[PDB]
Amino acid sequence: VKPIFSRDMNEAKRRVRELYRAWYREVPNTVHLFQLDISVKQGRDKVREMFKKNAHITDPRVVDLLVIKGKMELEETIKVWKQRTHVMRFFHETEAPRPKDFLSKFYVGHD
Amino acid sequence: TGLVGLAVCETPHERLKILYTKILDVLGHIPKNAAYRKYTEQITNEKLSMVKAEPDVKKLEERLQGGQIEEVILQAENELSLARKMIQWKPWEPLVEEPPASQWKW
Amino acid sequence: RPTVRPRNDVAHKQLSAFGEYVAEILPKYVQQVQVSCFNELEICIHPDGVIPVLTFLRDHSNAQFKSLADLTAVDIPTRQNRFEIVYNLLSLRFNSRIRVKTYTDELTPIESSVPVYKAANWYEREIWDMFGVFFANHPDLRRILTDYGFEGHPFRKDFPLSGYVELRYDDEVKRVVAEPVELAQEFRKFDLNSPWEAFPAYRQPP
Amino acid sequence: XXXXXXXXXXXXXXXXXXXXXXXXXXXXXXXXXXXXXXXXXXXXXXXXXXXXXXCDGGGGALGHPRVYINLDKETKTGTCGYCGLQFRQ
Amino acid sequence: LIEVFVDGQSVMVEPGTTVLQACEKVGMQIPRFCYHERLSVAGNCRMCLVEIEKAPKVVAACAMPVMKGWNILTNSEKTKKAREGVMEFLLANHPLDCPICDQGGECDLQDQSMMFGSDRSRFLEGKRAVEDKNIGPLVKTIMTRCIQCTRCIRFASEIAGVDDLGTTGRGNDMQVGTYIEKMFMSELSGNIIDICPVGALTXXXXXXXXXXXXXXXXXXXXXXXXXXXXXXXXXXXXXXXXXXXXXXXXXXXXXX
Amino acid sequence: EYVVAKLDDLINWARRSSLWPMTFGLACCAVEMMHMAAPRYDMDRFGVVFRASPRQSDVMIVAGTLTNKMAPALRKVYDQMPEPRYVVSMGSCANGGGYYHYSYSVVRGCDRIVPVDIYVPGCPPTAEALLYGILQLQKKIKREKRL
Amino acid sequence: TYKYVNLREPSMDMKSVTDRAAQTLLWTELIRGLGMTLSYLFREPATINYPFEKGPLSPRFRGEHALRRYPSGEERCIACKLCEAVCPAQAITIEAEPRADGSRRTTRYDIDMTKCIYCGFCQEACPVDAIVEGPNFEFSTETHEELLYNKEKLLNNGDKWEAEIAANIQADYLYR
Ligand SMILES: NC(=O)c1ccc[n+]([C@@H]2O[C@H](COP(=O)([O-])OP(=O)(O)OC[C@H]3O[C@@H](n4cnc5c(N)ncnc54)[C@H](OP(=O)(O)O)[C@@H]3O)[C@@H](O)[C@H]2O)c1
Ligand code: SF4
Ligand code: SF4
Ligand code: SF4
Ligand code: SF4
Ligand code: SF4
Ligand code: FES
Ligand SMILES: [Zn+2]
């Protein structure tokens, strides 16, 4: 039984859920205490898209490592640390290129 | 008189003899065939005889310490904790664990 | 030799006795490989038990090291097991230096040195930041040498020197400093590698 | 030599009908005096007697490692690696 | 098949095999100047001089075969005395060009001095200079930088076809040039610049453009002419300038 | 006409007279920045008075290496400065990393975070060369407000 | 060796106690400390004002980069990519093409002041002694573009410092 990591395959699914609950309650608290920034409604959708990219589930070792990493980048506002409105902003604001078209990307000349 | 460390050098003889006699009994519980018991005993028996021979002189403190009796007592105070931890976690008596992948050369 | 040799070996025979002394205990749980070269000693330890090895060398009557001052980690992708945590130890009463190593891939959690040593926890934070090696039963695993919103681990050989997110413009936004810009100035990759092996005996058979 | 734009130094074109270069307009562009190796051929060629002669800039003080040049081809000028100094006979 | 020990370790080899050819199987490379890949075996340098277990005089690796089961040491004291000495003979009449020289890092003689040559001192007074040899488009040849060996001499007669290069004198005044003023034919003689170990023959298009350092190598197949494949092309920031032949087992015989 | 033109130079004479620096303890450059206070090469009441606090000072001297952890920190300090403000990036780290530059953490040249008016190129910024960083600053202040 | 910081109580009885109590009751030793800076006020300051007076230096000193030339014209730099490899910052860039006919010396030569830690490495690594470091101090620009050196040119304009370089290199050959 190597290596433990933290929990078994089925138990790892509910560890992320426990992390999700604590972070779901922080998005109304990161507006009033910190800064206005964007919105409460748009902030919650920014959380959901982060977990969808990480969604694979094949090994308990990979899932449990994401929990500990999640208990630092999302713990940055739990005990209230300084981010100065530059950190914690995960989504790009000044980055506007999203081209996925053989026709679109080739016109801009890339790769 | 004052010691170098934070722990004050209290005037107590035979105090060092108590802790060294305690650890000898702890070693003779689980490991007997293992080398951990056989090798630690010969250091302690040699050290205990030096305390019995010297009558409260600084030369007794100069025997493999040379920082007064207080510094030697700290090594004896943590000796019981490490001996109990060695008996609790099986490592000295048992040897059956797996070996790593054959690679070492850089 | 006048300027050819640095120092003559005389204490090397006495230091070789240490390599036998710990090996005389003979655990498959601990010992494995003992290497000693250039007035120093190196021991590598099986991942399952590291804490019982750290309690040893500390306190012990014959070898009283106690101070586990320096704590390093190696980044190497040649082996099947990647990272290698290396402990550097020093004795103040005995006056000697010994080395403790780990061999596991350590992407999976490894045993912590916080119950044994009080300053090791700060060095443990350095390993998790730079490499990504989690320590089990560690009190407060905070980030030190990494950014507050940093993805990945900044030291790994698998990713570039310049980094993914590194460039920070002020631009059109009034206060928010940018991150997503990734282009930097060209670091010249030197493809230099001299023919012929410089040293004998270091050559390994295929 | 210069044509319309700023003078070329050590073979460097400015711009074709002014397209790329625009920054060097308010501030005056730099120029090195005698950078077209005009001073290289200005120095007179020294006469030699031996078949091969060692070259030096100004002894061991000035930076010039020793190079031996053969003067036997007659048609060839015979110059060292570091200097443009020519040797005959 | 007969087994002979090299540096105590025994290795299997054929009945007719060179000492340098047998050492490669045991993962040990001796200092070389005269090739072993495709060019014919010849002396004319005595760099690869190695001492046997019981021998009054040291023997060359190219010439002397193994034959009988005899032990030969590569890291011996007698072998080191030769290698540190022969280098001093090679550089006694060397023109000194290393910064100006077209090669710098690629030069085989440059690397061997760092690993095997005597570093402490060099005693020399007056080095002989040779006149420049006539060359057409490819490979601007400098006769002074040449160490006077037999590598390019045999390459013109065997690999290229029509002979051009040879011996011109007797002593130190001997040159590797053509002696008669005539331009070398193309065919496959462009590989001669890549053949020479020293900075004697180097391509005129790639002359004083880029050093061995900073240029990053990448393997790519040749487009011009069929069958020819695998050639290293140096990037050297944005635009490629240096092209070199990559080693192939069957595709190309160490020549582009 | 003439009184108006000379009054603008009189306001600019106050910045020519005295400018208070910020004690950015950012790297090794900050040690030579302490050598400006050291008697042998002094600007102490020659035109420089050390006091700190970003709200009171006129000139901020970025003294060394800036990282991504420091990019949000230095930016608002420059914003905490009064509007007539001057930034002197002193050292190769302040100009684009001493070495670094191709490193992961170091922000290149300060100009990516905060705009710079006077550049000092010196790694170990010699106090002799540092004195230009304040003297050229005063010389650069020539004309303000025409209309 | 042991120096010992502890005094183990200087006071004992009558005379040794009262004088140690007198300094703590009023001041005395603080007035003695006040008189320490009194003499420091009396002695002349070792101060140098820059626009007129200059500070002490050395014959070997590194500042802004400038490349040298031979007494009878010609570029002393040979183009090696040597100094490029030694450079820890990689501030120096070099690309070379043949100069018309015969000589082969440089085309691209940029030394970025955005980097460069000032080692004197490129001054030492150079076999022909092209980059010789002068006693430069004055360098201040509006932009980064004005700061970083172009293809020689400004580095060739080190002729205004080459007169000092020739005097400094006389202390360099047969070192000090
Ligand atoms: N109210 C709005 O937001 C609004 C609504 C609809 C359309 N727009 C359009 O969008 C634009 C907004 O620009 P803005 O008003 O933000 O610009 P602005 O603040 O007036 O800035 C223009 C700059 O140009 C210089 N300048 C202009 N005319 C000059 C003159 N005759 N002589 C010397 N200097 C001169 C000024 O320098 P000095 O200060 O040194 O003289 C000033 O700094 C307008 O052009 C307008 O057509 C604006
Ligand atoms: S042939 Fe090799 S060793 Fe000789 S000068 Fe040229 S590069 Fe240097
Ligand atoms: S040119 Fe090169 S290959 Fe030909 S003889 Fe000279 S050193 Fe040997
Ligand atoms: S420029 Fe040089 S002295 Fe200044 S902070 Fe960077 S490394 Fe230190
Ligand atoms: S400065 Fe010196 S080392 Fe650098 S390329 Fe020029 S000659 Fe070579
Ligand atoms: S002084 Fe150092 S950092 Fe500056 S150009 Fe020379 S080698 Fe590069
Ligand atoms: S390398 Fe063997 S004879 Fe030249
Ligand atoms: Zn010359």
# chains A, B, ... in the order shown; residues from 1 in each chain; ligands from 1

$ select_by_dssp --residues "stretch 15-228 of chain E" --states "strand (DSSP E)" --output "JSON, numbers by chain"
{"E": [49, 50, 59, 60, 140, 141, 201, 202, 217, 218, 219, 220]}

$ write_last_selection --atoms "N, CA, C and O atoms" --output "PDB file, in the first residue's frame"
ATOM      1  N   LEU E  49      49.945   6.028 -29.085  1.00  0.00           N
ATOM      2  CA  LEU E  49      50.953   5.123 -28.534  1.00  0.00           C
ATOM      3  C   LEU E  49      50.558   4.633 -27.140  1.00  0.00           C
ATOM      4  O   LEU E  49      50.455   5.424 -26.195  1.00  0.00           O
ATOM      5  N   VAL E  50      50.325   3.326 -27.038  1.00  0.00           N
ATOM      6  CA  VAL E  50      49.917   2.681 -25.790  1.00  0.00           C
ATOM      7  C   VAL E  50      50.853   1.535 -25.419  1.00  0.00           C
ATOM      8  O   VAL E  50      51.305   0.782 -26.290  1.00  0.00           O
ATOM      9  N   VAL E  59      53.617   0.734 -28.502  1.00  0.00           N
ATOM     10  CA  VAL E  59      53.092   0.473 -29.844  1.00  0.00           C
ATOM     11  C   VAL E  59      51.856   1.315 -30.155  1.00  0.00           C
ATOM     12  O   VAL E  59      51.039   1.586 -29.269  1.00  0.00           O
ATOM     13  N   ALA E  60      51.733   1.720 -31.421  1.00  0.00           N
ATOM     14  CA  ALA E  60      50.597   2.507 -31.907  1.00  0.00           C
ATOM     15  C   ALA E  60      49.324   1.668 -32.004  1.00  0.00           C
ATOM     16  O   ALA E  60      49.376   0.487 -32.363  1.00  0.00           O
ATOM     17  N   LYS E 140      38.548  27.304 -47.922  1.00  0.00           N
ATOM     18  CA  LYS E 140      39.720  28.178 -47.999  1.00  0.00           C
ATOM     19  C   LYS E 140      40.825  27.610 -47.109  1.00  0.00           C
ATOM     20  O   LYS E 140      40.763  27.709 -45.877  1.00  0.00           O
ATOM     21  N   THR E 141      41.825  27.007 -47.748  1.00  0.00           N
ATOM     22  CA  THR E 141      42.874  26.262 -47.053  1.00  0.00           C
ATOM     23  C   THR E 141      44.034  27.140 -46.589  1.00  0.00           C
ATOM     24  O   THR E 141      44.592  27.919 -47.370  1.00  0.00           O
ATOM     25  N   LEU E 201      41.461  23.276 -43.212  1.00  0.00           N
ATOM     26  CA  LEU E 201      40.467  23.351 -44.277  1.00  0.00           C
ATOM     27  C   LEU E 201      39.079  23.606 -43.691  1.00  0.00           C
ATOM     28  O   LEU E 201      38.537  22.770 -42.960  1.00  0.00           O
ATOM     29  N   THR E 202      38.529  24.778 -44.004  1.00  0.00           N
ATOM     30  CA  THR E 202      37.197  25.182 -43.552  1.00  0.00           C
ATOM     31  C   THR E 202      36.481  25.985 -44.633  1.00  0.00           C
ATOM     32  O   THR E 202      37.097  26.828 -45.296  1.00  0.00           O
ATOM     33  N   UNK E 217      22.571  22.757 -32.462  1.00  0.00           N
ATOM     34  CA  UNK E 217      22.488  21.751 -33.526  1.00  0.00           C
ATOM     35  C   UNK E 217      21.141  21.081 -33.575  1.00  0.00           C
ATOM     36  O   UNK E 217      20.528  20.814 -32.536  1.00  0.00           O
ATOM     37  N   UNK E 218      20.679  20.808 -34.797  1.00  0.00           N
ATOM     38  CA  UNK E 218      19.412  20.111 -35.050  1.00  0.00           C
ATOM     39  C   UNK E 218      19.547  19.239 -36.271  1.00  0.00           C
ATOM     40  O   UNK E 218      20.094  19.669 -37.294  1.00  0.00           O
ATOM     41  N   UNK E 219      19.045  18.008 -36.167  1.00  0.00           N
ATOM     42  CA  UNK E 219      19.142  17.011 -37.240  1.00  0.00           C
ATOM     43  C   UNK E 219      18.004  17.147 -38.215  1.00  0.00           C
ATOM     44  O   UNK E 219      16.840  17.264 -37.815  1.00  0.00           O
ATOM     45  N   UNK E 220      18.344  17.133 -39.504  1.00  0.00           N
ATOM     46  CA  UNK E 220      17.373  17.256 -40.601  1.00  0.00           C
ATOM     47  C   UNK E 220      17.878  16.583 -41.849  1.00  0.00           C
ATOM     48  O   UNK E 220      19.084  16.571 -42.118  1.00  0.00           O
TER      49      UNK E 220
END

$ residues_near_ligand --ligand "ligand 5" --cutoff "10 Å" --atoms "only C-alpha atoms and all ligand atoms" --output "number ranges by chain"
D: 63, 82; E: 99-100; G: 66-68, 75-86, 92-96, 105-106, 109, 121-132

$ residues_around --residues "residue A:72" --least-positions-apart "3" --cutoff "8 Å" --atoms "only C-alpha atoms" --output "list in words"
residues 68, 69, 75 and 76 of chain A; 142 and 143 of chain C

$ write_last_selection --atoms "N, CA, C and O atoms" --output "mmCIF file, in the first residue's frame"
data_model
loop_
_atom_site.group_PDB
_atom_site.id
_atom_site.type_symbol
_atom_site.label_atom_id
_atom_site.label_comp_id
_atom_site.auth_asym_id
_atom_site.auth_seq_id
_atom_site.Cartn_x
_atom_site.Cartn_y
_atom_site.Cartn_z
ATOM 1 N N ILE A 68 -3.913 19.552 -1.398
ATOM 2 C CA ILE A 68 -2.882 20.253 -0.612
ATOM 3 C C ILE A 68 -2.447 21.552 -1.310
ATOM 4 O O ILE A 68 -2.265 22.583 -0.652
ATOM 5 N N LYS A 69 -2.297 21.488 -2.634
ATOM 6 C CA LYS A 69 -2.035 22.666 -3.469
ATOM 7 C C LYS A 69 -3.227 23.632 -3.442
ATOM 8 O O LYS A 69 -3.042 24.851 -3.444
ATOM 9 N N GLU A 75 -6.241 29.144 0.144
ATOM 10 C CA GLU A 75 -6.066 29.448 1.569
ATOM 11 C C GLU A 75 -5.402 30.822 1.759
ATOM 12 O O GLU A 75 -5.235 31.297 2.887
ATOM 13 N N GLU A 76 -5.055 31.456 0.637
ATOM 14 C CA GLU A 76 -4.432 32.784 0.601
ATOM 15 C C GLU A 76 -5.359 33.896 1.121
ATOM 16 O O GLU A 76 -4.890 34.971 1.504
ATOM 17 N N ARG C 142 3.610 26.598 4.328
ATOM 18 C CA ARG C 142 3.472 27.889 3.649
ATOM 19 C C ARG C 142 4.508 28.087 2.545
ATOM 20 O O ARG C 142 5.613 27.540 2.611
ATOM 21 N N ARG C 143 4.135 28.875 1.539
ATOM 22 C CA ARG C 143 4.999 29.173 0.397
ATOM 23 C C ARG C 143 5.934 30.345 0.694
ATOM 24 O O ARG C 143 5.496 31.390 1.186
#

$ atom_distance --atom1 "atom CA of residue C:61" --atom2 "atom CA of residue C:85"
26.4 Å

$ residues_around --residues "residue B:73" --least-positions-apart "2" --cutoff "12 Å" --atoms "only C-alpha atoms" --output "number ranges by chain"
B: 3, 5, 7-20, 61, 65, 67-71, 75-80; C: 59, 61

$ decode --residues "stretch 42-128 of chain C" --atoms "C-alpha atoms" --output "mmCIF file, in the first residue's frame"
data_model
loop_
_atom_site.group_PDB
_atom_site.id
_atom_site.type_symbol
_atom_site.label_atom_id
_atom_site.label_comp_id
_atom_site.auth_asym_id
_atom_site.auth_seq_id
_atom_site.Cartn_x
_atom_site.Cartn_y
_atom_site.Cartn_z
ATOM 1 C CA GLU C 42 27.125 9.575 2.513
ATOM 2 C CA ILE C 43 24.187 7.309 3.449
ATOM 3 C CA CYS C 44 20.953 6.804 1.470
ATOM 4 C CA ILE C 45 17.748 5.766 3.255
ATOM 5 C CA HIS C 46 14.633 3.741 2.315
ATOM 6 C CA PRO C 47 11.496 6.019 2.052
ATOM 7 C CA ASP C 48 9.311 3.989 4.482
ATOM 8 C CA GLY C 49 11.253 5.118 7.579
ATOM 9 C CA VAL C 50 13.179 8.408 7.689
ATOM 10 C CA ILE C 51 12.126 9.653 11.177
ATOM 11 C CA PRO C 52 13.770 6.655 12.990
ATOM 12 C CA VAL C 53 17.028 7.431 11.106
ATOM 13 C CA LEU C 54 16.846 11.109 12.158
ATOM 14 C CA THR C 55 16.407 10.119 15.837
ATOM 15 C CA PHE C 56 19.655 8.176 15.346
ATOM 16 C CA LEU C 57 22.888 10.237 14.921
ATOM 17 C CA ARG C 58 21.109 12.653 17.282
ATOM 18 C CA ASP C 59 21.570 11.952 21.046
ATOM 19 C CA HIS C 60 23.618 8.714 20.511
ATOM 20 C CA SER C 61 26.709 8.296 22.731
ATOM 21 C CA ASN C 62 29.266 7.104 20.131
ATOM 22 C CA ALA C 63 28.015 9.521 17.446
ATOM 23 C CA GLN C 64 26.556 12.754 18.849
ATOM 24 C CA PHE C 65 25.606 14.858 15.806
ATOM 25 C CA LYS C 66 22.274 16.388 16.990
ATOM 26 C CA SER C 67 22.404 19.491 14.720
ATOM 27 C CA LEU C 68 20.658 18.779 11.400
ATOM 28 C CA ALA C 69 21.485 22.239 10.022
ATOM 29 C CA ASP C 70 21.373 22.110 6.193
ATOM 30 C CA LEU C 71 18.668 20.471 4.059
ATOM 31 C CA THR C 72 18.964 20.151 0.260
ATOM 32 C CA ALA C 73 17.117 18.328 -2.568
ATOM 33 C CA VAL C 74 18.355 17.069 -5.969
ATOM 34 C CA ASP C 75 16.479 17.478 -9.271
ATOM 35 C CA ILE C 76 17.376 14.665 -11.709
ATOM 36 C CA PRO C 77 15.273 12.899 -14.415
ATOM 37 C CA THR C 78 17.769 10.122 -15.389
ATOM 38 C CA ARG C 79 16.487 7.581 -12.831
ATOM 39 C CA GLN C 80 12.997 6.006 -12.650
ATOM 40 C CA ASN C 81 12.664 7.855 -9.326
ATOM 41 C CA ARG C 82 12.999 11.622 -9.816
ATOM 42 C CA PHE C 83 13.797 13.855 -6.791
ATOM 43 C CA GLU C 84 16.311 13.117 -3.990
ATOM 44 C CA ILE C 85 16.109 14.852 -0.568
ATOM 45 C CA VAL C 86 19.613 15.269 0.912
ATOM 46 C CA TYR C 87 20.205 16.071 4.611
ATOM 47 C CA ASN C 88 23.506 17.690 5.645
ATOM 48 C CA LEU C 89 24.395 17.117 9.307
ATOM 49 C CA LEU C 90 27.039 18.556 11.653
ATOM 50 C CA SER C 91 28.301 17.680 15.150
ATOM 51 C CA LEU C 92 29.425 20.327 17.659
ATOM 52 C CA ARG C 93 30.819 18.028 20.385
ATOM 53 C CA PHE C 94 32.155 15.303 18.055
ATOM 54 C CA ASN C 95 33.296 17.633 15.197
ATOM 55 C CA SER C 96 32.341 15.668 12.037
ATOM 56 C CA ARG C 97 30.051 15.939 8.981
ATOM 57 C CA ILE C 98 27.681 13.213 7.727
ATOM 58 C CA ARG C 99 25.079 13.036 4.919
ATOM 59 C CA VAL C 100 21.585 11.480 4.819
ATOM 60 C CA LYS C 101 19.801 10.830 1.485
ATOM 61 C CA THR C 102 16.438 9.550 0.164
ATOM 62 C CA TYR C 103 15.919 7.551 -3.045
ATOM 63 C CA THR C 104 12.128 7.540 -3.769
ATOM 64 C CA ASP C 105 10.376 9.448 -6.619
ATOM 65 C CA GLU C 106 8.701 11.568 -3.875
ATOM 66 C CA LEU C 107 5.850 12.901 -6.013
ATOM 67 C CA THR C 108 3.997 10.802 -3.428
ATOM 68 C CA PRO C 109 4.238 12.101 0.221
ATOM 69 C CA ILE C 110 7.407 11.541 2.292
ATOM 70 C CA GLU C 111 8.003 11.524 6.093
ATOM 71 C CA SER C 112 8.701 14.899 7.760
ATOM 72 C CA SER C 113 11.643 15.939 9.972
ATOM 73 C CA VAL C 114 9.699 18.471 12.123
ATOM 74 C CA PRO C 115 9.321 16.247 15.265
ATOM 75 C CA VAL C 116 13.111 15.638 15.246
ATOM 76 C CA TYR C 117 14.344 19.124 14.251
ATOM 77 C CA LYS C 118 12.823 22.567 14.911
ATOM 78 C CA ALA C 119 14.371 24.531 11.997
ATOM 79 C CA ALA C 120 13.880 21.760 9.398
ATOM 80 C CA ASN C 121 10.246 22.845 8.769
ATOM 81 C CA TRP C 122 11.427 26.069 7.061
ATOM 82 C CA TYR C 123 13.699 23.990 4.807
ATOM 83 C CA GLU C 124 10.757 21.618 4.180
ATOM 84 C CA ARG C 125 8.779 24.607 2.828
ATOM 85 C CA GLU C 126 11.621 25.253 0.336
ATOM 86 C CA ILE C 127 11.372 21.689 -1.062
ATOM 87 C CA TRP C 128 7.562 21.809 -1.549
#
